[PDB]
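The file protein_4.cif comes next; it holds mmCIF, C-alpha atoms.
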data_query
loop_
_atom_site.group_PDB
_atom_site.id
_atom_site.type_symbol
_atom_site.label_atom_id
_atom_site.label_comp_id
_atom_site.auth_asym_id
_atom_site.auth_seq_id
_atom_site.Cartn_x
_atom_site.Cartn_y
_atom_site.Cartn_z
ATOM 1 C CA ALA A 18 0.000 0.000 0.000
ATOM 2 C CA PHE A 19 1.259 3.461 0.998
ATOM 3 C CA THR A 20 4.474 4.108 2.936
ATOM 4 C CA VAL A 21 6.495 7.268 3.613
ATOM 5 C CA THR A 22 10.272 6.801 3.516
ATOM 6 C CA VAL A 23 12.909 9.046 5.106
ATOM 7 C CA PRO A 24 16.339 8.770 3.406
ATOM 8 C CA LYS A 25 17.964 10.035 6.635
ATOM 9 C CA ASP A 26 16.252 10.542 9.998
ATOM 10 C CA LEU A 27 18.897 13.105 11.033
ATOM 11 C CA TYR A 28 20.093 16.271 9.284
ATOM 12 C CA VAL A 29 23.069 18.187 10.679
ATOM 13 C CA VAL A 30 23.034 21.699 9.220
ATOM 14 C CA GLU A 31 25.479 24.603 9.371
ATOM 15 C CA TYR A 32 24.356 28.055 10.473
ATOM 16 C CA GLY A 33 23.087 30.449 7.818
ATOM 17 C CA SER A 34 22.776 27.790 5.109
ATOM 18 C CA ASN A 35 20.081 26.223 2.962
ATOM 19 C CA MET A 36 18.438 22.920 3.845
ATOM 20 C CA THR A 37 16.280 20.465 1.870
ATOM 21 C CA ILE A 38 14.815 17.715 4.060
ATOM 22 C CA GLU A 39 13.028 15.100 1.973
ATOM 23 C CA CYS A 40 9.995 12.867 2.480
ATOM 24 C CA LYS A 41 9.287 10.182 -0.119
ATOM 25 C CA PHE A 42 6.118 8.352 -1.198
ATOM 26 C CA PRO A 43 5.068 5.971 -4.020
ATOM 27 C CA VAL A 44 3.952 7.456 -7.351
ATOM 28 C CA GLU A 45 2.781 5.674 -10.509
ATOM 29 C CA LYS A 46 3.595 7.012 -13.997
ATOM 30 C CA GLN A 47 1.998 10.424 -13.366
ATOM 31 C CA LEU A 48 0.735 12.250 -10.284
ATOM 32 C CA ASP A 49 -2.847 12.937 -9.200
ATOM 33 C CA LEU A 50 -2.456 16.431 -7.748
ATOM 34 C CA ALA A 51 -6.126 16.566 -6.733
ATOM 35 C CA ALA A 52 -5.776 13.600 -4.351
ATOM 36 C CA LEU A 53 -2.458 14.712 -2.800
ATOM 37 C CA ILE A 54 -1.984 16.486 0.536
ATOM 38 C CA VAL A 55 1.477 17.364 1.884
ATOM 39 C CA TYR A 56 1.973 18.913 5.316
ATOM 40 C CA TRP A 57 5.179 19.857 7.149
ATOM 41 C CA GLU A 58 5.414 21.004 10.759
ATOM 42 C CA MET A 59 7.886 21.415 13.618
ATOM 43 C CA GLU A 60 6.950 21.832 17.295
ATOM 44 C CA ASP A 61 3.339 22.338 16.150
ATOM 45 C CA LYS A 62 4.265 25.290 13.921
ATOM 46 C CA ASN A 63 2.611 24.967 10.515
ATOM 47 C CA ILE A 64 5.299 25.179 7.825
ATOM 48 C CA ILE A 65 3.767 23.748 4.628
ATOM 49 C CA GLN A 66 0.124 22.950 3.799
ATOM 50 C CA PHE A 67 0.000 21.818 0.157
ATOM 51 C CA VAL A 68 -3.556 21.063 -1.014
ATOM 52 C CA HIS A 69 -5.040 20.968 -4.538
ATOM 53 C CA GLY A 70 -1.737 21.800 -6.204
ATOM 54 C CA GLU A 71 -1.074 25.004 -4.255
ATOM 55 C CA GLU A 72 0.432 25.808 -0.868
ATOM 56 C CA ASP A 73 -2.080 27.221 1.627
ATOM 57 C CA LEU A 74 -0.371 30.397 2.841
ATOM 58 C CA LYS A 75 -3.104 31.559 5.232
ATOM 59 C CA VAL A 76 -2.222 28.715 7.619
ATOM 60 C CA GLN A 77 1.580 28.757 7.304
ATOM 61 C CA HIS A 78 3.137 30.077 10.487
ATOM 62 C CA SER A 79 4.240 33.700 10.326
ATOM 63 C CA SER A 80 7.872 33.092 11.289
ATOM 64 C CA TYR A 81 8.270 31.044 8.085
ATOM 65 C CA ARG A 82 6.815 33.460 5.521
ATOM 66 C CA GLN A 83 9.338 33.686 2.662
ATOM 67 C CA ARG A 84 11.772 31.132 4.139
ATOM 68 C CA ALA A 85 9.794 27.874 3.816
ATOM 69 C CA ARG A 86 8.879 26.515 0.396
ATOM 70 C CA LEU A 87 7.951 23.112 -1.016
ATOM 71 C CA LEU A 88 9.381 22.122 -4.406
ATOM 72 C CA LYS A 89 6.490 21.172 -6.700
ATOM 73 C CA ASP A 90 8.681 19.682 -9.439
ATOM 74 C CA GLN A 91 9.990 17.023 -7.042
ATOM 75 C CA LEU A 92 6.463 15.813 -6.207
ATOM 76 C CA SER A 93 6.234 14.120 -9.616
ATOM 77 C CA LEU A 94 9.152 11.936 -8.444
ATOM 78 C CA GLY A 95 7.445 11.022 -5.163
ATOM 79 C CA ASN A 96 9.569 13.412 -3.105
ATOM 80 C CA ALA A 97 8.072 16.015 -0.756
ATOM 81 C CA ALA A 98 11.096 18.298 -0.377
ATOM 82 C CA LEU A 99 10.795 20.988 2.297
ATOM 83 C CA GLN A 100 13.362 23.756 1.824
ATOM 84 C CA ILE A 101 14.341 26.317 4.470
ATOM 85 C CA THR A 102 16.574 29.300 3.698
ATOM 86 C CA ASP A 103 19.199 30.848 6.007
ATOM 87 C CA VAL A 104 19.031 28.154 8.683
ATOM 88 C CA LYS A 105 19.132 29.432 12.274
ATOM 89 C CA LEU A 106 19.480 27.894 15.724
ATOM 90 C CA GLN A 107 15.712 28.347 16.127
ATOM 91 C CA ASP A 108 15.229 25.815 13.299
ATOM 92 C CA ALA A 109 16.631 22.984 15.442
ATOM 93 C CA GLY A 110 14.203 20.400 16.763
ATOM 94 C CA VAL A 111 11.968 17.605 15.488
ATOM 95 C CA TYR A 112 10.168 17.984 12.150
ATOM 96 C CA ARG A 113 7.074 16.037 11.093
ATOM 97 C CA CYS A 114 5.952 15.367 7.523
ATOM 98 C CA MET A 115 2.440 14.060 6.835
ATOM 99 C CA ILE A 116 1.530 12.912 3.319
ATOM 100 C CA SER A 117 -1.918 11.764 2.170
ATOM 101 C CA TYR A 118 -2.041 10.010 -1.216
ATOM 102 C CA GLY A 119 -4.470 7.140 -1.462
ATOM 103 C CA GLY A 120 -3.427 5.850 1.934
ATOM 104 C CA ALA A 121 -1.326 8.009 4.272
ATOM 105 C CA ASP A 122 1.534 8.022 6.781
ATOM 106 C CA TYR A 123 3.744 10.435 8.718
ATOM 107 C CA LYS A 124 7.449 10.450 9.563
ATOM 108 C CA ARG A 125 9.723 12.478 11.833
ATOM 109 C CA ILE A 126 13.030 14.194 11.045
ATOM 110 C CA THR A 127 15.551 15.669 13.492
ATOM 111 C CA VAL A 128 17.557 18.816 12.723
ATOM 112 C CA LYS A 129 20.671 19.987 14.574
ATOM 113 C CA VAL A 130 22.341 23.277 13.655
ATOM 114 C CA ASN A 131 26.082 23.827 13.792
ATOM 115 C CA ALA A 132 27.316 27.305 14.705
ATOM 116 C CA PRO A 133 30.912 26.999 13.496
ATOM 117 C CA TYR A 134 33.721 29.518 13.115
ATOM 118 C CA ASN A 135 33.973 29.060 9.354
ATOM 119 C CA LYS A 136 34.237 32.748 8.413
ATOM 120 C CA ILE A 137 37.280 34.416 9.995
ATOM 121 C CA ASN A 138 37.968 38.109 9.368
ATOM 122 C CA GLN A 139 41.621 39.170 9.482
ATOM 123 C CA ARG A 140 43.235 42.614 9.604
ATOM 124 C CA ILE A 141 46.936 43.515 9.490
ATOM 125 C CA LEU A 142 48.096 47.009 10.453
ATOM 126 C CA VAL A 143 51.486 48.582 11.166
ATOM 127 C CA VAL A 144 51.722 49.846 14.751
ATOM 128 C CA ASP A 145 55.128 51.478 14.234
ATOM 129 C CA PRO A 146 56.840 51.204 10.822
ATOM 130 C CA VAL A 147 60.136 51.925 12.608
ATOM 131 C CA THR A 148 60.141 48.880 14.908
ATOM 132 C CA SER A 149 58.095 46.980 12.265
ATOM 133 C CA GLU A 150 55.574 46.057 14.960
ATOM 134 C CA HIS A 151 52.239 44.987 13.487
ATOM 135 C CA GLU A 152 48.727 44.463 14.835
ATOM 136 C CA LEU A 153 47.177 41.208 13.623
ATOM 137 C CA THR A 154 43.481 40.585 14.257
ATOM 138 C CA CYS A 155 41.120 37.632 13.829
ATOM 139 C CA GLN A 156 37.402 37.460 14.554
ATOM 140 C CA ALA A 157 34.562 35.039 13.859
ATOM 141 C CA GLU A 158 31.004 34.246 14.937
ATOM 142 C CA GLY A 159 30.014 30.876 16.346
ATOM 143 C CA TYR A 160 28.517 28.908 19.216
ATOM 144 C CA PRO A 161 29.498 27.921 21.802
ATOM 145 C CA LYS A 162 32.398 30.062 23.030
ATOM 146 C CA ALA A 163 35.869 29.570 21.553
ATOM 147 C CA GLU A 164 39.474 30.523 22.269
ATOM 148 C CA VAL A 165 42.115 31.682 19.788
ATOM 149 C CA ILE A 166 45.608 30.162 19.645
ATOM 150 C CA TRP A 167 48.117 32.270 17.701
ATOM 151 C CA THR A 168 50.688 29.936 16.133
ATOM 152 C CA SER A 169 53.599 30.886 13.896
ATOM 153 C CA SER A 170 54.697 29.315 10.637
ATOM 154 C CA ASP A 171 56.988 27.279 12.927
ATOM 155 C CA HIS A 172 53.960 25.891 14.822
ATOM 156 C CA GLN A 173 54.884 27.785 17.997
ATOM 157 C CA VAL A 174 52.438 29.463 20.360
ATOM 158 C CA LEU A 175 52.331 33.253 20.674
ATOM 159 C CA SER A 176 50.320 35.184 23.231
ATOM 160 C CA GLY A 177 47.358 37.402 22.409
ATOM 161 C CA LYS A 178 44.181 38.676 24.031
ATOM 162 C CA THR A 179 40.709 37.278 23.313
ATOM 163 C CA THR A 180 37.611 39.463 23.688
ATOM 164 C CA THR A 181 34.420 37.383 23.570
ATOM 165 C CA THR A 182 31.018 39.074 23.249
ATOM 166 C CA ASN A 183 27.560 38.304 21.851
ATOM 167 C CA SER A 184 26.480 38.824 18.253
ATOM 168 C CA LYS A 185 24.247 41.676 17.086
ATOM 169 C CA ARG A 186 23.169 40.440 13.643
ATOM 170 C CA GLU A 187 22.027 37.189 15.296
ATOM 171 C CA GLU A 188 20.935 36.206 18.800
ATOM 172 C CA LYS A 189 23.318 34.083 20.882
ATOM 173 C CA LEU A 190 26.281 33.648 18.524
ATOM 174 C CA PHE A 191 29.498 34.473 20.351
ATOM 175 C CA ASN A 192 31.728 37.013 18.605
ATOM 176 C CA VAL A 193 35.310 35.994 19.409
ATOM 177 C CA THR A 194 38.047 38.514 18.594
ATOM 178 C CA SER A 195 41.786 38.062 19.135
ATOM 179 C CA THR A 196 44.637 40.482 18.483
ATOM 180 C CA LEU A 197 48.366 39.970 17.935
ATOM 181 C CA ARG A 198 50.909 42.792 18.329
ATOM 182 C CA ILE A 199 54.312 41.309 17.463
ATOM 183 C CA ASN A 200 57.379 42.810 15.796
ATOM 184 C CA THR A 201 57.568 41.031 12.442
ATOM 185 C CA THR A 202 58.857 41.495 8.900
ATOM 186 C CA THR A 203 57.485 41.196 5.374
ATOM 187 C CA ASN A 204 56.346 37.778 4.064
ATOM 188 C CA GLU A 205 56.126 36.303 7.578
ATOM 189 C CA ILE A 206 53.222 33.865 7.978
ATOM 190 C CA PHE A 207 51.029 33.548 11.075
ATOM 191 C CA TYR A 208 47.963 31.528 12.058
ATOM 192 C CA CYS A 209 44.949 32.171 14.296
ATOM 193 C CA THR A 210 43.151 29.007 15.422
ATOM 194 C CA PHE A 211 39.544 28.937 16.661
ATOM 195 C CA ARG A 212 39.246 26.062 19.137
ATOM 196 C CA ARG A 213 35.757 25.477 20.535
ATOM 197 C CA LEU A 214 34.138 22.549 22.322
ATOM 198 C CA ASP A 215 30.975 20.479 21.817
ATOM 199 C CA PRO A 216 32.325 19.142 19.507
ATOM 200 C CA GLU A 217 36.077 19.714 19.046
ATOM 201 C CA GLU A 218 36.340 22.077 16.062
ATOM 202 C CA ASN A 219 39.599 23.726 14.986
ATOM 203 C CA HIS A 220 39.442 26.485 12.366
ATOM 204 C CA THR A 221 42.541 28.450 11.379
ATOM 205 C CA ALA A 222 43.102 31.484 9.160
ATOM 206 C CA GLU A 223 46.429 32.442 7.583
ATOM 207 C CA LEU A 224 47.783 35.999 7.819
ATOM 208 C CA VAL A 225 50.838 36.932 5.732
ATOM 209 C CA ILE A 226 52.665 40.197 6.406
ATOM 210 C CA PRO A 227 52.663 42.380 3.260
ATOM 211 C CA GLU A 228 55.414 44.771 2.208
ATOM 212 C CA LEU A 229 55.837 48.537 2.830
ATOM 213 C CA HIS B 3 -40.224 51.774 -0.698
ATOM 214 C CA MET B 4 -40.531 48.484 -2.553
ATOM 215 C CA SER B 5 -37.117 48.769 -4.201
ATOM 216 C CA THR B 6 -35.450 49.231 -0.802
ATOM 217 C CA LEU B 7 -36.892 45.907 0.361
ATOM 218 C CA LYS B 8 -35.739 44.381 -2.929
ATOM 219 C CA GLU B 9 -32.190 45.680 -2.409
ATOM 220 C CA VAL B 10 -31.847 44.057 1.035
ATOM 221 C CA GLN B 11 -33.663 40.798 0.258
ATOM 222 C CA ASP B 12 -31.251 39.872 -2.544
ATOM 223 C CA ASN B 13 -28.405 40.952 -0.252
ATOM 224 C CA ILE B 14 -29.391 38.384 2.392
ATOM 225 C CA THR B 15 -29.578 35.689 -0.293
ATOM 226 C CA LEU B 16 -26.064 36.686 -1.358
ATOM 227 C CA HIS B 17 -24.816 36.244 2.207
ATOM 228 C CA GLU B 18 -26.573 32.888 2.530
ATOM 229 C CA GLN B 19 -24.760 32.233 -0.746
ATOM 230 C CA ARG B 20 -21.610 33.349 1.115
ATOM 231 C CA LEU B 21 -22.281 31.096 4.125
ATOM 232 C CA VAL B 22 -22.406 28.019 1.885
ATOM 233 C CA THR B 23 -19.118 29.033 0.233
ATOM 234 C CA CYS B 24 -17.404 28.928 3.647
ATOM 235 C CA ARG B 25 -17.790 25.192 4.218
ATOM 236 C CA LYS B 26 -16.896 24.813 0.518
ATOM 237 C CA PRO B 27 -13.104 24.317 0.979
ATOM 238 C CA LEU B 28 -13.602 21.254 3.193
ATOM 239 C CA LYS B 29 -16.131 19.570 0.891
ATOM 240 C CA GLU B 30 -13.648 19.978 -1.971
ATOM 241 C CA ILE B 31 -11.118 17.970 0.067
ATOM 242 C CA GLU B 32 -13.438 15.103 1.003
ATOM 243 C CA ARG B 33 -14.153 14.999 -2.737
ATOM 244 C CA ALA B 34 -10.481 14.550 -3.662
ATOM 245 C CA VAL B 35 -8.660 12.890 -0.731
ATOM 246 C CA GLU B 36 -9.704 9.763 1.183
ATOM 247 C CA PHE B 37 -7.711 10.350 4.402
ATOM 248 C CA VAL B 38 -7.559 13.805 5.995
ATOM 249 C CA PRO B 39 -4.535 14.484 8.249
ATOM 250 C CA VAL B 40 -5.560 15.692 11.706
ATOM 251 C CA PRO B 41 -3.591 19.003 11.744
ATOM 252 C CA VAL B 42 -4.898 19.926 8.284
ATOM 253 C CA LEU B 43 -8.455 19.083 9.432
ATOM 254 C CA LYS B 44 -7.982 20.754 12.821
ATOM 255 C CA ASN B 45 -7.082 24.103 11.239
ATOM 256 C CA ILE B 46 -9.643 24.153 8.399
ATOM 257 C CA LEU B 47 -12.667 23.851 10.697
ATOM 258 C CA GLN B 48 -11.302 26.820 12.669
ATOM 259 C CA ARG B 49 -11.304 28.993 9.544
ATOM 260 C CA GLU B 50 -14.699 27.567 8.590
ATOM 261 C CA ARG B 51 -15.930 28.537 12.063
ATOM 262 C CA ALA B 52 -14.228 31.945 11.982
ATOM 263 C CA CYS B 53 -16.248 32.807 8.868
ATOM 264 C CA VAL B 54 -19.602 31.237 9.741
ATOM 265 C CA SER B 55 -19.874 33.019 13.089
ATOM 266 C CA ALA B 56 -18.812 36.240 11.351
ATOM 267 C CA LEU B 57 -21.298 35.697 8.511
ATOM 268 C CA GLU B 58 -24.076 34.797 10.959
ATOM 269 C CA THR B 59 -23.412 38.117 12.705
ATOM 270 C CA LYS B 60 -23.972 39.935 9.401
ATOM 271 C CA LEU B 61 -27.309 38.183 8.770
ATOM 272 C CA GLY B 62 -28.558 39.391 12.143
ATOM 273 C CA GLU B 63 -27.926 43.001 11.115
ATOM 274 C CA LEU B 64 -29.613 42.479 7.708
ATOM 275 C CA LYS B 65 -32.655 40.466 8.827
ATOM 276 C CA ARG B 66 -33.141 43.212 11.426
ATOM 277 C CA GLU B 67 -33.266 45.888 8.708
ATOM 278 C CA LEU B 68 -36.214 44.256 6.934
ATOM 279 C CA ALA B 69 -38.232 44.138 10.161
ATOM 280 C CA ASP B 70 -37.552 47.855 10.636
ATOM 281 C CA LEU B 71 -38.644 48.583 7.061
ATOM 282 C CA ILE B 72 -41.691 46.335 7.496
ATOM 283 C CA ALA B 73 -42.611 48.244 10.661
ATOM 284 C CA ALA B 74 -42.159 51.552 8.817
ATOM 285 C CA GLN B 75 -44.655 50.523 6.121
ATOM 286 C CA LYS B 76 -47.100 49.526 8.871
ATOM 287 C CA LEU B 77 -47.033 52.949 10.532
ATOM 288 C CA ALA B 78 -47.483 54.568 7.111
ATOM 289 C CA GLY B 79 -50.436 52.363 6.167
#
Could you take the file, read its structure, and then write that structure out as structure tokens?
Amino acid sequence: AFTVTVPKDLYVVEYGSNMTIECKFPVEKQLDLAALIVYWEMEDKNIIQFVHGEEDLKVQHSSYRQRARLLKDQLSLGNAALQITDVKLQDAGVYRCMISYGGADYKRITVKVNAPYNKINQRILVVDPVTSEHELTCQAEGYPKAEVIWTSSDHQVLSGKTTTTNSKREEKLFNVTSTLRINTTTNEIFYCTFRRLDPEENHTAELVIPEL
Amino acid sequence: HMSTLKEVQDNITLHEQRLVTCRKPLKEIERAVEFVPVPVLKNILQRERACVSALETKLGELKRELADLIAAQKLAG
């Protein structure tokens, strides 16, 4: 008869990314759009209500207007693909999909959102061109809190200061900023590592001293 | 006088034509699907009840007008 298949019960998603969680169901040659109902939901928030070949917007929860969308073209392949744009921490939880086509069935999907320190912004300035002292800076946004380990091109630890605040563009993301002020010359390579826990993630940017 | 009654009477029929169109979305699902998911059912009846109570309020204020106009043409004649 009718069964709903989940290719993967768990989706691990990175922050600020797209996501396409998929629910499958049997289809025969063509589709009967009239007899199909697709419904997505998470924590009893209505996300998708697809009836009679068109999504029912009036029911869709407000916090998903313009970020949730079902892909019609996939339905002809027996795939109810829910797509969310710019994934946030608030999108983590348990998602339910309920499909009605002839018979019916529902399935659950879990979503966990990484908040990694992928994007690292670096700035190199010249404190005193006489002593050739520079000011190296690294900053990134992630969760949970992280520390910065300044290592040379010779894999040796240098000391810096780490200021750790909360994000403004987003809610609880920690903004970690570290600064190096070391006398150095042109073409010298340095590294700033972003070590955070839960789980152990190391992310390192490379800063090369320019000339003049 | 008689055209004023005629303008309200075919405005109450329109609204009774609007009341029937409010349970319409559900009947067009029972026509097409054979198993209605509970959350999709649970929400539709709430919209179908949000309208019907609202449309039944309107009929009270229209069926009251005709009685007023009927009373007016009893004081006159």
Next item on the list: To verify the selection step, state as JSON, numbers by chain which residues the PyMOL selection byres ((chain A and resi 25-28) around 7) yields on this input.
Entry: {"A": [23, 24, 29, 30, 126, 127, 128, 129]}
Please identify all residues of chain A having at least one atom at most 10 Å from any atom of chain B, considering only C-alpha atoms, and return them as a short mmCIF file (atom, residue, chain, number, x, y, z; two decimals) with C-alpha atoms, in the coordinates of the input.
data_model
loop_
_atom_site.label_atom_id
_atom_site.label_comp_id
_atom_site.auth_asym_id
_atom_site.auth_seq_id
_atom_site.Cartn_x
_atom_site.Cartn_y
_atom_site.Cartn_z
CA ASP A 49 -2.85 12.94 -9.20
CA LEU A 50 -2.46 16.43 -7.75
CA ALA A 51 -6.13 16.57 -6.73
CA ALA A 52 -5.78 13.60 -4.35
CA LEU A 53 -2.46 14.71 -2.80
CA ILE A 54 -1.98 16.49 0.54
CA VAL A 55 1.48 17.36 1.88
CA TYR A 56 1.97 18.91 5.32
CA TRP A 57 5.18 19.86 7.15
CA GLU A 58 5.41 21.00 10.76
CA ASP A 61 3.34 22.34 16.15
CA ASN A 63 2.61 24.97 10.52
CA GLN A 66 0.12 22.95 3.80
CA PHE A 67 0.00 21.82 0.16
CA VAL A 68 -3.56 21.06 -1.01
CA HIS A 69 -5.04 20.97 -4.54
CA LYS A 75 -3.10 31.56 5.23
CA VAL A 76 -2.22 28.72 7.62
CA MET A 115 2.44 14.06 6.84
CA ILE A 116 1.53 12.91 3.32
CA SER A 117 -1.92 11.76 2.17
CA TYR A 118 -2.04 10.01 -1.22
CA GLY A 119 -4.47 7.14 -1.46
CA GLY A 120 -3.43 5.85 1.93
CA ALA A 121 -1.33 8.01 4.27
CA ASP A 122 1.53 8.02 6.78
CA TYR A 123 3.74 10.44 8.72
#
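With only the atoms specified (only C-alpha atoms) counting, those residues at most 12 Å away from (-16.1, 30.8, 9.5) are residues 20, 21, 22, 23, 24, 25, 26, 27, 28, 45, 46, 47, 48, 49, 50, 51, 52, 53, 54, 55, 56, 57, 58 and 59 of chain B.
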Next item on the list: Taking the file above as input, evaluate the PyMOL selection byres ((chain A and resi 223-227) around 7) and report the hits as a PyMOL selection string.
Entry: chain A and resi 202-209+221-222+228-229
Next item on the list: Please indicate the distance in Å from CA of residue 192 in chain A to CA of residue 157 in chain A, rounded to one decimal place.
Entry: 5.9 Å
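One distance worth recording is that between CA of residue 105 in chain A and CA of residue 131 in chain A, which is 9.1 Å.
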Check: Which residues match the PyMOL selection byres ((chain B and resi 71-73) around 12) in the file above, as a PyMOL selection string?
Finding: chain B and resi 3-11+64-70+74-79
Could those selected residues go to a file with C-alpha atoms, as a PDB file, keeping the file's coordinate frame?
ATOM      1  CA  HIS B   3     -40.224  51.774  -0.698  1.00  0.00           C
ATOM      2  CA  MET B   4     -40.531  48.484  -2.553  1.00  0.00           C
ATOM      3  CA  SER B   5     -37.117  48.769  -4.201  1.00  0.00           C
ATOM      4  CA  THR B   6     -35.450  49.231  -0.802  1.00  0.00           C
ATOM      5  CA  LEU B   7     -36.892  45.907   0.361  1.00  0.00           C
ATOM      6  CA  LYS B   8     -35.739  44.381  -2.929  1.00  0.00           C
ATOM      7  CA  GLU B   9     -32.190  45.680  -2.409  1.00  0.00           C
ATOM      8  CA  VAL B  10     -31.847  44.057   1.035  1.00  0.00           C
ATOM      9  CA  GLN B  11     -33.663  40.798   0.258  1.00  0.00           C
ATOM     10  CA  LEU B  64     -29.613  42.479   7.708  1.00  0.00           C
ATOM     11  CA  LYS B  65     -32.655  40.466   8.827  1.00  0.00           C
ATOM     12  CA  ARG B  66     -33.141  43.212  11.426  1.00  0.00           C
ATOM     13  CA  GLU B  67     -33.266  45.888   8.708  1.00  0.00           C
ATOM     14  CA  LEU B  68     -36.214  44.256   6.934  1.00  0.00           C
ATOM     15  CA  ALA B  69     -38.232  44.138  10.161  1.00  0.00           C
ATOM     16  CA  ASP B  70     -37.552  47.855  10.636  1.00  0.00           C
ATOM     17  CA  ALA B  74     -42.159  51.552   8.817  1.00  0.00           C
ATOM     18  CA  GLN B  75     -44.655  50.523   6.121  1.00  0.00           C
ATOM     19  CA  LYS B  76     -47.100  49.526   8.871  1.00  0.00           C
ATOM     20  CA  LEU B  77     -47.033  52.949  10.532  1.00  0.00           C
ATOM     21  CA  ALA B  78     -47.483  54.568   7.111  1.00  0.00           C
ATOM     22  CA  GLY B  79     -50.436  52.363   6.167  1.00  0.00           C
TER      23      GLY B  79
END
Note to self: Could you list, as a PyMOL selection string, every residue within 9 Å of residue 156 in chain A, counting only C-alpha atoms and ignoring same-chain residues fewer than 5 positions away?
What the structure shows: chain A and resi 134+136-139+192-196
Margin query: With only C-alpha atoms as the counted atoms, please give the residues lying no more than 7 Å from residue 220 in chain A, apart from itself and same-chain residues fewer than 4 positions off, as a VMD selection string.
Written below: chain A and resid 134 to 135 210 to 212
Checklist line | Residue neighbourhood residue 42 in chain A, 7 Å, all atoms listed in the file, exclusion window fewer than 5 positions, as a PyMOL selection string | finding: chain A and resi 20-22+95-96
Next item on the list: Would you mind reading off the distance between CA of residue 36 in chain A and CA of residue 161 in chain A, one decimal, in Å?
Entry: 21.7 Å
